Number of protein chains: 2
Amino acid sequence: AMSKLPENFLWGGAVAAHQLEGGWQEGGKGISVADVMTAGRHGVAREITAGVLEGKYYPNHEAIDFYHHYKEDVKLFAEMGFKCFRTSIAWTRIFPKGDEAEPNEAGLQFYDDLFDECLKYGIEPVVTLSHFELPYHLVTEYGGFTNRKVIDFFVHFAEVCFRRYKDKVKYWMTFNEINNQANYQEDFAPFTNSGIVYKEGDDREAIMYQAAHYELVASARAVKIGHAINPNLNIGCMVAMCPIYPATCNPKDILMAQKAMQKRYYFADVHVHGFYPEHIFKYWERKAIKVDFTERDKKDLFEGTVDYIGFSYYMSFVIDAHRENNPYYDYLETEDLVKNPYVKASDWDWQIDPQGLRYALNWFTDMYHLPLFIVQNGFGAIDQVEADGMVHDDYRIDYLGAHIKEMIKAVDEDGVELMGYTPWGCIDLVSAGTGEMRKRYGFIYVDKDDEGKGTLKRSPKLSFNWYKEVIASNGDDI
Amino acid sequence: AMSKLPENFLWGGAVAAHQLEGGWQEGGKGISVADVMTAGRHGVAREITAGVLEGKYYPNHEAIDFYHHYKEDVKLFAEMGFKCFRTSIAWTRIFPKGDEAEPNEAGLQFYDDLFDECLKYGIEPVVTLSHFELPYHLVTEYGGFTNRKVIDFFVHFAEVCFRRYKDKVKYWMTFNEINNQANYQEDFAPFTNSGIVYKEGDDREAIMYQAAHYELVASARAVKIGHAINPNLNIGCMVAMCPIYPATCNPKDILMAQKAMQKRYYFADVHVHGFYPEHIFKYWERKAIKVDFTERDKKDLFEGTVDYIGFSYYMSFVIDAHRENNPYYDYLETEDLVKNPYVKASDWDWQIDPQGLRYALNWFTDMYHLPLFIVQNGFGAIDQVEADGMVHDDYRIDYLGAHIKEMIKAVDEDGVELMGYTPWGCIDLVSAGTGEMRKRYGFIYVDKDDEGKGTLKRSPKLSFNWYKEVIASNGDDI
Ligand SMILES: O=P(O)(O)OC[C@H]1O[C@@H](Oc2ccccc2CO)[C@H](O)[C@@H](O)[C@@H]1O
Ligand SMILES: O=P(O)(O)OC[C@H]1O[C@@H](Oc2ccccc2CO)[C@H](O)[C@@H](O)[C@@H]1O
């Protein structure tokens with residue numbers, strides 16, 4: 001009876017290798033998909049270049065040089081009182097090309113040192129095996145996850161990590177936001193989830209269902225392998241959770257929303273229940289989508305269901321039936337969505353809806369009854385440095401706080417099993433969508449701009465002590 | 001490849017004993033809760049009288065005398081080509097008082113004859129064990145299902161039926177629309193689901209959670225007993241399914257709807273998963289609701305989950321956050337609901353929303369992945385007899401047809417497991433809500449009015465042959 005959350009609640013901070021590490025060549029790090037994505041801005045898309053071209057600016061190359069400053073940054077984290085720290089093991093640091101019979105020792109010891117650093121301070125590593133950073137070689141030589149071969153490659157990588165870190169890392173996830181690729185219209189998700197370069201004329205949708213299937217099977221094989229290595233390992237899936245509201249109580253909107261939820265979260269059904277929902281098979285029929293799906297796959301999936309559901313939450317969506325010629329209620333994320341009139345939004349147009357997080361949490365609970373883990377939540381905004389040399393980011397404090405409250409009501413009032421809560425980008429890093437430094441998520445300001453300038457000096461923002469106090473009060477004082 | 005539904009799809013018609021049988025005293029039939037409910041009209045409520053008073057009119061007493069005319073009526077059913085016929089075994093015909101050590105033979109042979117009649121014609125009986133007709137004695141002497149004793153009484157009744165009809169009836173359900181009592185404000189549901197007479201000052205909500213719990217346990221014990229008697233028996237639950245839409249995409253409405261769905265369908269969670277959702281326990285805490293819930297209950301529930309979900313569908317609801325002083329998002333079915341602007345409605349104000357049936361079907365599938373059975377759907381309307389001596393009820397044909405189409409899209413496009421489809425009140429009978437004859441559901445017109453007059457002659461309506469043809473085309477020709 002100290003607070004409303006469990007005593008061992010896992011407060012932390014989350015990042016991803018390719019977004020902060022830098023030293024993209026150190027250790028012999030192979031070149032990854034992140035490494036061939038140039039910078040952009042709100043509105044302007046990143047360019048996926050055919051290799052590393054001259055004249056282009058690749059922000060992930062240096063990022064914030066975490067690769068060298070990790071001892072300092074971790075000290076900062078422990079100073080806020082992190083109980084956990086989430087990041088990914090850069091696939092490119094362990095298998096630079098991807099097809100190697102042997103893992104890279106420089107890559108492994110590096111993470112041995114990183115986890116060691118966390119553990120010194122009482123911080124529990126939370127590790128994501130694939131986070132938008134697969135070997136670019138795998139893309140050009142195999143076509144990414146459209147090749148069944150790439151499954152073994154991933155499982156190979158996963159077992160190595162599992163065996164190496166079996167006594168260090170308790171919490172794992174396989175594929176970051178695996179369901180992002182439900183949007184197959186734009187190139188981003190297909191490229192970052194699955195290493196898909198689309199060629200002109202391709203059946204984009206179809207190519208992505210097949211890749212997702214391979215990854216689902218790969219995830220399931222890893223889960224089984226990881227448990228055989230250490231049965232205590234908690235291995236969860238990871239889905240991006242953008243709840244999808246019906247615009248109105250018009251039955252057509254209702255059906256749009258339900259159908260879109262099914263297409264956006266069938267991935268979770270497979271991770272959790274171990275089989276595909278029928279509405280996916282029916283749909284593949286209607287669209288003559290052919291999937292290479294063996295009896296063996298079926299067995300693997302059913303056998304490799306997850307321990308818990310990790311997920312990100314930043315916003316919610318609205319949908320309606322406005323689009324013509326759509327009698328099957330297909331879901332086009334680039335077309336069917338509309339703005340929610342009842343909510344504010346960030347300068348990147350990301351809608352602010354704390355209550356949605358509560359909705360999300362109840363949803364997963366009712367659907368699956370598994371432990372849940374908010375492993376990404378946060379607010380991207382422009383920071384100005386006040387005269388006292390500190391960013392007074394109360395806007396960021398507001399966002400996170402409102403979300404923390406809703407998450408607490410979910411545990412306290414609603415009874416969801418929640419493992420912990422991990423704010424995204426706890427230190428300023430390179431954004432995923434645009435490759436911007438100026439879209440900052442951090443409790444820690446890093447002096448680097450989008451033209452690549454700055455000392456890379458770390459300074460705490462206002463929200464640093466605020467959050468330090470949230471952790472200390474285990475949620476009582478927000 | 002004959003049609004869109006499975007060859008063995010179970011088309012039928014549904015009724016309930018107390019609503020058509022009559023002969024409420026024949027066989028020594030004990031007096032039931034139906035038997036003490038007087039008539040009413042749209043707007044005017046039925047009176048639950050303390051016993052059978054003089055001067056009051058009890059329509060269920062005679063109803064349509066099905067008890068005598070069943071041989072004729074079944075012939076009518078077979079003429080439409082029913083593959084199944086659904087009704088309830090009148091608890092009062094088997095255990096008139098309820099507490100007897102021995103079942104009533106007159107009551108049993110009666111149903112032996114009724115099922116025999118169906119089977120002659122190739123019709124499969126579908127039986128509901130409790131449908132708003134428990135012994136009134138059980139109410140006055142035990143307080144209905146607020147007494148833990150009444151569990152055994154029900155299980156006793158269920159095993160008798162199971163053993164008697166083990167080779168005759170393949171499809172069973174335990175408690176009709178068990179979740180109706182989520183509305184504990186008005187007296188109807190608590191009285192008809194659970195035999196609850198509220199006394200002034202009572203904690204209505206609390207008294208109903210306890211009764212529901214007893215019934216849930218009773219259902220679970222019966223399921224287990226029935227399987228031990230014949231492992232082939234399909235024993236499903238039965239829930240009233242009124243989908244609950246958010247009025248708008250305002251997050252508050254969203255949360256209202258989700259919370260209301262949880263309170264209205266936790267019954268299904270218990271039937272299906274075998275345990276209570278945590279949000280129910282949390283809620284009982286907040287409201288200091290105490291439930292007598294033993295370790296043994298827990299074991300029974302987990303052990304007595306259902307084979308399939310039977311359900312009724314007539315309409316959908318809309319909800320919003322308008323009501324003040326409601327920061328916990330409690331659900332009051334008498335207060336929180338609003339009209340759906342995008343749909344028409346019957347003269348009893350029941351909203352017409354076929355698409356909702358599709359929503360319903362997808363909902364259950366996604367939540368539970370069990371076979372489903374639409375065992376009640378229909379349209380109550382005033383019938384006028386045309387000059388040719390037939391009711392031209394195209395309004396009724398319209399309603400059912402639209403619903404059949406949506407149900408077919410669900411199977412065909414969405415891939416739900418649906419066992420069959422059973423229109424409600426396939427022959428005109430006494431309505432549940434108001435006790436009216438004039439609120440007609442039938443393919444078969446019965447000449448009896450609400451003042452009790454008429455020859456009780458049966459005549460087919462326009463919709464008779466229409467439906468006969470739906471069955472023959474197995475859904476192709478609607
Ligand atoms: O603001 P950024 O940097 O564009 O995103 C934030 C973070 O959210 C995660 O998910 C997203 C990434 C991009 C767009 C949307 C989402 C949310 O569904 C992503 O997995 C992270 O890698 C990313 O950095
Ligand atoms: O039109 P009536 O006769 O008032 O109802 C129709 C039928 O629907 C069933 O459910 C209902 C009964 C009454 C009100 C609403 C519902 C639907 O949720 C009931 O279980 C039947 O016994 C009943 O006859």
Side-chain angles (χ1 to χ4, degrees), chain A residues 13-37 48 52 58-71 73-74 85-100 102-118 125-140 144-145 150 153-165 168-169 171-178 191-195 215 218-219 222 238 310 375-376 424-427 429-432 435:
Chain A
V15 300
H18 75 270
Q19 289 177 262
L20 83 179
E21 286 185 11
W24 69 298
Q25 289 198 127
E26 303 296 278
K29 204 206 101 184
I31 132 81
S32 78
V33 284
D35 294 334
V36 300
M37 306 173 67
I48 303 84
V52 170
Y58 305 100
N60 307 91
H61 289 198
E62 283 318 320
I64 73 174
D65 192 35
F66 178 75
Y67 181 73
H68 288 105
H69 292 319
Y70 79 95
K71 273 156 161 146
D73 298 340
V74 170
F85 173 63
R86 173 171 185 253
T87 189
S88 60
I89 293 173
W91 194 341
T92 19
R93 294 193 187 283
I94 318 309
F95 286 94
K97 280 187 172 315
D99 33 4
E100 309 101 327
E102 291 304 329
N104 177 313
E105 179 71 5
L108 290 152
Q109 186 80 47
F110 170 78
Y111 291 102
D112 257 328
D113 294 345
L114 178 51
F115 305 154
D116 283 344
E117 206 58 18
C118 292
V126 180
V127 172
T128 309
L129 282 173
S130 183
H131 193 148
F132 308 168
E133 64 197 0
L134 47 150
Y136 179 65
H137 183 254
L138 286 199
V139 177
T140 56
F145 259 106
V150 163
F153 291 158
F154 173 85
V155 179
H156 187 5
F157 162 65
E159 188 207 284
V160 166
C161 295
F162 284 148
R163 218 173 284 268
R164 184 72 169 225
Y165 309 113
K168 298 198 172 192
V169 179
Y171 306 99
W172 302 78
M173 281 158 291
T174 59
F175 286 92
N176 199 65
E177 294 186 334
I178 194 178
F191 187 70
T192 56
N193 289 139
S194 308
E215 300 163 2
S219 165
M238 150 44 144
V375 302
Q376 291 183 207
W424 175 254
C426 50
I427 184 176
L429 71 204
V430 182
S431 63

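These numbers come from the heavy atoms of this one structure, side chains and all, not from hydrogens, waters or symmetry mates. Chain letters run A, B, ... following the sequence lines, proteins first, then strands; residues in each count from 1.
Pairs passing the salt bridge (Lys or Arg N to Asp or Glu O under 4.0 Å) check and including a residue from residues 60-71 of chain A, sequence neighbours excluded, do not occur.
Atom-to-atom distance recorded for A:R93:CZ and A:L108:CG is 12.0 Å, nearest 0.5 angstrom. Atoms CD1 and CD, from A:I427 and A:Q19 in turn, are 12.5 Å apart once rounded to the nearest 0.5 Å. The CG atom of A:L134 sits 10.5 Å away from the NE2 atom of A:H18 when rounded to the nearest 0.5 Å. Taken from CD in A:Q376 to CD in A:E177, the straight-line distance is 5.0 Å, to the nearest 0.5 Å. Rounded to the nearest 0.5 angstrom, A:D112 CG and A:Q109 CD are separated by 5.0 Å. For the atom pair CG of A:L20 and CD1 of A:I64, the computed distance is 5.0 Å after rounding to the nearest 0.5 Å.
The side-chain heavy atoms of A:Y136 and A:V139, taken from C-beta on, include a pair separated by under 4.5 Å. A:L429 places a side-chain heavy atom less than 4.5 Å from the side chain of A:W424. Within the 4.5 Å cutoff, the side chain of A:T192 has heavy atoms near those of the A:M37 side chain.
With sequence neighbours excluded, the residues forming a side chain to side chain contact (heavy atoms under 4.5 Å, CB included) with A:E159 are A:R163, A:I225, A:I229, listed by chain and number. In terms of the side chain to side chain donor-acceptor pair (under 3.5 Å) criterion, A:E100 has no residue partners (sequence neighbours excluded). Residues passing the ring pair (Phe, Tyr, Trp, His ring centres under 6.0 Å) test with A:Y67 are A:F110, sequence neighbours excluded. Taking the side chain to side chain donor-acceptor pair (under 3.5 Å) definition, one finds that A:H69 meets it with A:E72, sequence neighbours left out. Under the rule for a ring pair (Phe, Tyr, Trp, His ring centres under 6.0 Å), the partners of A:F95 that lie at least two apart in sequence or sit in another chain are A:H156. Residues that satisfy the side chain to side chain donor-acceptor pair (under 3.5 Å) test with A:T92, not counting sequence neighbours, are absent from this structure. With sequence neighbours excluded, the residues satisfying side chain to side chain contact (heavy atoms under 4.5 Å, CB included) with A:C118 are A:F85, A:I123, A:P125. By the side chain to side chain donor-acceptor pair (under 3.5 Å) test, A:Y111 pairs with A:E21, sequence neighbours left out. Remark: A:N104 engages A:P96, A:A106 in a side chain to side chain contact (heavy atoms under 4.5 Å, CB included) (not counting sequence neighbours). A search for ring pair (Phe, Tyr, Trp, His ring centres under 6.0 Å) contacts involving A:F66 returns nothing, not counting sequence neighbours. Contacts of A:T128 classified as side chain to side chain contact (heavy atoms under 4.5 Å, CB included), with partners at least two apart in sequence or in another chain: A:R86, A:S88, A:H131, A:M173, A:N176.
Classified by interplanar angle (parallel below 30°, tilted 30° to 60°, perpendicular above 60°), the ring pair A:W172/A:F162 is perpendicular.
Residues A:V36 and A:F191 come closest through the heavy atom pair CG2-CZ, 3.8 Å. Taking all atoms of both residues into account, the shortest heavy-atom contact from A:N60 to A:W24 is O-CB, 4.5 Å. Taking each heavy atom of A:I178 and A:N193 in turn, the nearest pair found is O-OD1, 3.8 Å. Of all heavy-atom pairs spanning A:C426 and A:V15, the tightest one is SG-CG1, 4.3 Å. Across all non-hydrogen atoms, the minimal contact from A:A158 to A:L129 is CB-CD1, 3.5 Å.
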- request: Decide side-chain contact (heavy atoms from CB on, under 4.5 Å) for A:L138 and A:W91; before the verdict, give the C-alpha distance in whole Å, the side-chain angles of both, and the deciding distance to 0.1 Å.
  value: CA-CA 11 Å; A:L138 286 199; A:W91 194 341; 4.1 Å; yes
query: What do the steps show when you test A:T174 against A:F154 for side-chain contact (heavy atoms from CB on, under 4.5 Å), and what is the final call?
result: CA-CA 10 Å; A:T174 59; A:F154 173 85; 4.2 Å; yes
message: Assess the residue pair A:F115 and A:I89 against the criterion (side-chain contact (heavy atoms from CB on, under 4.5 Å)); give the C-alpha distance rounded to whole Å, side-chain angles, the decisive distance to 0.1 Å, and a yes or no.
response: CA-CA 11 Å; A:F115 305 154; A:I89 293 173; 4.0 Å; yes
message: Run the side-chain contact (heavy atoms from CB on, under 4.5 Å) test on A:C161 and A:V127 for me, step by step, so that the C-alpha distance in whole Å, both residues' side-chain angles and the decisive distance to 0.1 Å come before the verdict.
response: CA-CA 10 Å; A:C161 295; A:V127 172; over 6 Å; no
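The main-chain N or O of A:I31 is never found under 3.5 Å from a side-chain atom of A:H137 such that the two would form a donor-acceptor pair. When atom types are taken as modelled, the side chain of A:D35 and the backbone of A:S32 share a donor-acceptor pair closer than 3.5 angstrom.
In A:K168, the NZ atom is crowded: over 12 heavy atoms of neighbouring residues, nucleotides or ligands sit closer than 6.0 Å.
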